[PDB]
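Residue numbers (PDB author numbering), protein chains in the order written: chain A, 281 to 778; chain G, 1 to 48.
Just so it is clear, CB atoms sit at the ideal spot from N, CA and C, and this is done for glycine as well.
The block underneath contains the structure these notes are about, expressed in structure tokens.
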Amino acid sequence: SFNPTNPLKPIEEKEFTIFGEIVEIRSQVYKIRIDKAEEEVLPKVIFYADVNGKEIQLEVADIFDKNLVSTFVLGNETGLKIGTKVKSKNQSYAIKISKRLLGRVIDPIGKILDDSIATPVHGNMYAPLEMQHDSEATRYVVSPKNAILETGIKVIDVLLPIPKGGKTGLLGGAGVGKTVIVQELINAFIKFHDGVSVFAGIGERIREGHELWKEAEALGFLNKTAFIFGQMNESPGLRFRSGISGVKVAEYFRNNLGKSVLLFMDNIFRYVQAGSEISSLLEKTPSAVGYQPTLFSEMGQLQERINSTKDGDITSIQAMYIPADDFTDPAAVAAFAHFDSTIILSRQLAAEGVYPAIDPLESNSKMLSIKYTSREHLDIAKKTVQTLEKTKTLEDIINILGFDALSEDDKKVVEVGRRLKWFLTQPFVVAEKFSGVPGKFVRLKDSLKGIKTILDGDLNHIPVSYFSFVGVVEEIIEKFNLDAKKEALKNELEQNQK
Amino acid sequence: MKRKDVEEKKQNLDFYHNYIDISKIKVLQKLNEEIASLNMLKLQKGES
Ligand SMILES: Nc1ncnc2c1ncn2[C@@H]1O[C@H](COP(=O)(O)OP(=O)(O)OP(=O)(O)O)[C@@H](O)[C@H]1O
Ligand SMILES: [Mg+2]
């Protein structure tokens, strides 16, 4: 069997020892004065209140005096008034975790979200905020990345390889295709994975969560997946804890069962946004662009727990939202520091019809090293990016000074660049509803062969239009040959008729 | 959107503005060559 070396420990049984009442109110932020207590209150503990049998939890933020604390709600605040009685065990919030969580849809605080009867989830009480380890040195016993996952997407497989046991991020503005790529990666990774999967929705659409849950049921991988959902309709207190709960569940499945966890987070920007809103509601001095002072620390507190040890790997795929298409936003700058692979989506490319709208001239991957791939893959990727950069430079000259100003080399470079750019587009399996083009899965060696053939200049005769949204280059060749054959047959028939 | 990018764009525009004058000079020279050749072609056609 498997012997855990750093297993999670369930919370300690306790009685309610702190009692008080709400003396100040606001939207999402409440001040509690403590009347009776057998112990001093600690930061980040939970005060529970009941209104008409409904339980409301408030997390402690600041401790002004021995008796006065500030709190923010985890969930709905409807019912809280001045004088509402609150009691506390001097412990942070906890959720029920066990192997029974797989196939269940819950929220950050453990409310059931997949049926009306609210079927309970069995397990032990674990506090996601409280992380326990022997010492700081124990946090430095981590495995090195030594593998690359295959996705079936040409551009990602060739230019931006995704680590196994690392972190990849998908950045882009509103409506550029982050969720579609996340769903495609889920489809191409789960059901073939030697472990479990955890999905954490953070401030996203309810319809998207419902669609993903139904798809998980339909494609049979629901029972291997644990769902957590604090969505965009929830309070700032809940959107702030979705990622913590997801990471805690992944840590339970890795440390206590020795399983490899596929962790999907979407959208990881909403965690930072909710933290900023909470900081703004507590009247703290804002940082630049009106963010919280503790932005980088808050990002690190969540990102550093996603690590790979000898018990198993935790592979994280995260979607990052870019407000107003501003890539110098402090949240984006904080997130850039944690992604082993970074994939940046462009609005102009999506407008042109390039799907996926991945900009290879703005993205980077640390898996493009001799330690992980072969020499040929590195050479092909470097040549591809160089050719795309040169083509982008030459397109401005073409646009302003016309086309005849170029040389024969520049024209050939532009042709190769256009063919390369349109070959990287690919129809997604999940994206069959948008158009109806069946999805394609291209393995790494086929992508490398196709890119090498295009780079060599073998296919400069085929018009660019044929290269868009195919699989291997053999499909382009077949379509060109069939179209030429049809043209030749029509010409022969009309010359026979005349 | 930083002043560095705006400066780069403006320097590209100014470079193109100069290059268009250079192209005008080159095109004028080629036009003069073509006219000089055409005069000889006209005389040859008359002789033929
Ligand atoms: N691979 C694709 N093939 C075809 N269409 C696509 C593809 N990816 C994205 N789209 C188009 O872009 C739209 C937006 O996609 P998606 O929902 O993934 O965006 P997003 O970046 O998650 O947006 P939001 O910022 O609202 O969360 C889709 O509805 C679809 O029309
Ligand atoms: Mg999305």
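For this session: To the nearest angstrom, report how far apart A:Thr448 and A:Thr364 are at their CA atoms.
Result: Translated into the one-based positions of the first sequence, residue 448 of chain A becomes position 168. Translated into the one-based positions of the first sequence, residue 364 of chain A becomes position 84. If I take the Cα positions, the gap works out to 45 Å.
Problem set entry | the region 694-706 of chain A touching the region 671-684 of chain A, judged by at least three CB pairs closer than 8 Å | yes
Exercise. Is DSSP giving A:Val710 helix, strand or coil here?
Worked result: Taking the first sequence and counting its residues from 1, the one referred to as residue 710 of chain A is at position 430. It is helical.
For this session: May I have a chain-ordered list of the alpha helix (DSSP H) segments no shorter than 4 residues that lie completely inside the region 453-498 of chain A?
Result: Here the runs fully enclosed are 458-469.
Exercise. Under 6 Å from any heavy atom of ligand 1, does the C-beta of A:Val321 make it?
Worked result: If you number the first sequence from 1, residue 321 of chain A lands on position 41. No, since every heavy atom of ligand 1 falls outside the 6 Å radius drawn around the Cβ of A:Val321.
Problem set entry | ligand 2 heavy atom lying under 6 Å from the CB of A:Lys458 | The residue given as residue 458 of chain A occupies position 178 in the first sequence. At least one heavy atom of ligand 2 is nearer than 6 Å to the Cβ of A:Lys458, so yes.
For this session: Pick helix, strand or coil for G:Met40, following the three-state DSSP scheme.
Result: Mapped onto the second sequence, residue 40 of chain G falls at position 40. Per DSSP, reduced to three states, the secondary structure at G:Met40 is helical.
Exercise. Hey, quick one: how far does the beta strand (DSSP E) through A:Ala329 stretch, first residue to last?
Worked result: For this step, residue 329 of chain A is matched to residue 49 along the first sequence. From DSSP, the beta strand (DSSP E) with A:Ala329 extends over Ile326 to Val331.
Exercise. In chain G, which residues lie with their C-beta within 8 Å of the C-beta of A:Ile602?
Worked result: As a working mapping, residue 602 of chain A is identified with position 322 in the first sequence. Simply none; closest approach about 14 Å.
For this session: Give a yes or no on whether the minimum CB-CB distance between residue 235 of chain A and chain G is below 7 Å.
Result: Since the first residue of chain A shown is 281 and the last is 778, residue 235 of chain A is not available in this structure.
Exercise. The beta strand (DSSP E) with A:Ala317 in it runs from where to where?
Worked result: Looking up residue 317 of chain A in the first sequence gives position 37. A:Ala317 -> beta strand (DSSP E) spans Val309 to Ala317.
For this session: Round the Cβ separation of A:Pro408 and A:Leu648 to the nearest angstrom and send it over; I've been treating them as touching at under 8 Å.
Result: Within the first sequence, the letter at position 128 stands for residue 408 of chain A. Within the first sequence, the letter at position 368 stands for residue 648 of chain A. A:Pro408 to A:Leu648, Cβ: 35 Å. No contact.
For this session: Return the CA-CA distance between A:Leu439 and A:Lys662, expressed in angstroms with no decimal places.
Result: Position 159 of the first sequence, counting from 1, holds the residue named residue 439 of chain A. Position 382 of the first sequence, counting from 1, holds the residue named residue 662 of chain A. C-alpha separation (whole angstroms): 8 Å.
Exercise. Is there at least one non-hydrogen atom of ligand 1 closer than 6 Å to the beta-carbon of A:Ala480?
Worked result: In the first sequence, the residue the question calls residue 480 of chain A occupies position 200. A:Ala480 Cβ: outside cutoff for every heavy atom of ligand 1.
Problem set entry | A:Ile336 at chain G interface by Cβ criterion, 7 Å | To locate residue 336 of chain A, count along the first sequence from 1; it is residue 56. Not closer than 7 Å to any Cβ of chain G, the Cβ of A:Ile336 fails to qualify, so no.
Exercise. When every heavy atom of ligand 1 is checked, does at least one fall within less than 6 Å of the C-beta of A:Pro636?
Worked result: By 1-based counting over the first sequence, the position of residue 636 of chain A is 356. For ligand 1, at least one heavy atom lies less than 6 Å from the Cβ of A:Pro636.
Problem set entry | Sub-7 Å separation of A:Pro443 and A:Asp620 beta-carbons | The count along the first sequence starts at 1 and reaches residue 443 of chain A at position 163. The count along the first sequence starts at 1 and reaches residue 620 of chain A at position 340. Result yes, Cβ atoms of A:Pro443 and A:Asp620 sit closer than 7 Å.
Exercise. Looking at A:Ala615 and ligand 1, is the gap between the Cβ and the nearest heavy atom below 6 Å?
Worked result: As a position in the first sequence, residue 615 of chain A is number 335, starting the count at 1. Between ligand 1 and the CB of A:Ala615, the shortest heavy atom gap is not smaller than 6 Å.
Problem set entry | beta-carbon A:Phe703 near ligand 1 non-hydrogen atom, thresh 6 Å | Residue mapping note: residue 703 of chain A aligns to position 423 of the first sequence, counting from 1. Checking every heavy atom of ligand 1 against the Cβ of A:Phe703, none is found closer than 6 Å.
For this session: Assign A:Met411 to one of three DSSP states: helix, strand, or coil.
Result: Here residue 411 of chain A refers to the residue found at position 131 when the first sequence is read from its first residue. In this structure, A:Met411 counts as coil in the three-state DSSP scheme.
Exercise. Got a sec: does ligand 1 put a non-hydrogen atom nearer than 6 Å to the Cβ of A:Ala604?
Worked result: For this step, residue 604 of chain A is matched to residue 324 along the first sequence. No; taking the cut-off as 6 Å, the Cβ of A:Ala604 has no heavy atom of ligand 1 nearer than that.
For this session: Taking only runs that begin and end inside the region 617-689 of chain A, name each unbroken beta strand (DSSP E) of 3 or more residues, in chain order.
Result: 621-624
Problem set entry | Proximity winner among A:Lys528, A:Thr733 and A:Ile734, relative to A:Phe479 (alpha-carbon distances) | As a working note, residue 479 of chain A is residue 199 in the first sequence. For the residues A:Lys528, A:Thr733 and A:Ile734, the minimum Cα distance to A:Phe479 belongs to A:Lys528.
Problem set entry | Nearest-angstrom beta carbon gap, A:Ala506 and A:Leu381 [assumed within contact, 8 Å] | The sequence position of residue 381 of chain A within the first sequence is 101, counting from 1. The sequence position of residue 506 of chain A within the first sequence is 226, counting from 1. Indeed they touch by this definition, with Cβ atoms about 5 Å apart.
Exercise. When you compare only the Cα positions, how much space is there between G:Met40 and G:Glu34?
Worked result: On the second sequence, residue 40 of chain G is found 40 positions in, with the first residue counted as 1. On the second sequence, residue 34 of chain G is found 34 positions in, with the first residue counted as 1. Answer to the nearest angstrom: the Cα atoms are 10 Å apart.
For this session: With a cut-off of 8 Å on the beta carbons, I'd call A:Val303 and A:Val325 a contact; round off their distance for me.
Result: Reading the first sequence from its first residue, position 23 is the one you call residue 303 of chain A. Reading the first sequence from its first residue, position 45 is the one you call residue 325 of chain A. Going by Cβ atoms, the distance from A:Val303 to A:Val325 rounds to 18 Å, so no, they are not a contact pair.
Exercise. A:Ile680 touches chain G at which residues, Cβ-Cβ below 7 Å?
Worked result: Counting from 1 along the first sequence, the entry for residue 680 of chain A is found at position 400. By Cβ distance, chain G contributes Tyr16.
For this session: From the DSSP output, in three-state form, read off A:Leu542 for me.
Result: One-based indexing of the first sequence puts residue 542 of chain A at position 262. If DSSP states are grouped into helix, strand and coil, A:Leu542 belongs with the strands.
Exercise. What's the gap between the Cα of A:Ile597 and the Cα of A:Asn370?
Worked result: As a position in the first sequence, residue 597 of chain A is number 317, starting the count at 1. As a position in the first sequence, residue 370 of chain A is number 90, starting the count at 1. Approximately 35 Å, taken between the alpha carbons.
For this session: Kindly identify the DSSP beta-bridge partner or partners of A:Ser596.
Result: Working through the first sequence from its first residue, we reach residue 596 of chain A at position 316. Paired residue(s): A:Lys447 and A:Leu543.
Exercise. How many angstroms separate the CA atom of A:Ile392 from the CA atom of A:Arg655?
Worked result: Numbered from its first residue, the first sequence carries residue 392 of chain A at position 112. Numbered from its first residue, the first sequence carries residue 655 of chain A at position 375. Looking at the two C-alpha atoms, the distance is approximately 50 Å.
Exercise. Got a sec: does ligand 1 put a non-hydrogen atom nearer than 6 Å to the Cβ of A:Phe721?
Worked result: Position 441 of the first sequence, counted from the start, is the residue given in the question as residue 721 of chain A. Remark: the C-beta of A:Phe721 is outside contact range of ligand 1, defined as less than 6 Å to any heavy atom.
For this session: For the region 286-298 of chain A and the region 529-547 of chain A, state whether three or more C-beta atom pairs, one from each stretch, are separated by less than 8 Å.
Result: yes
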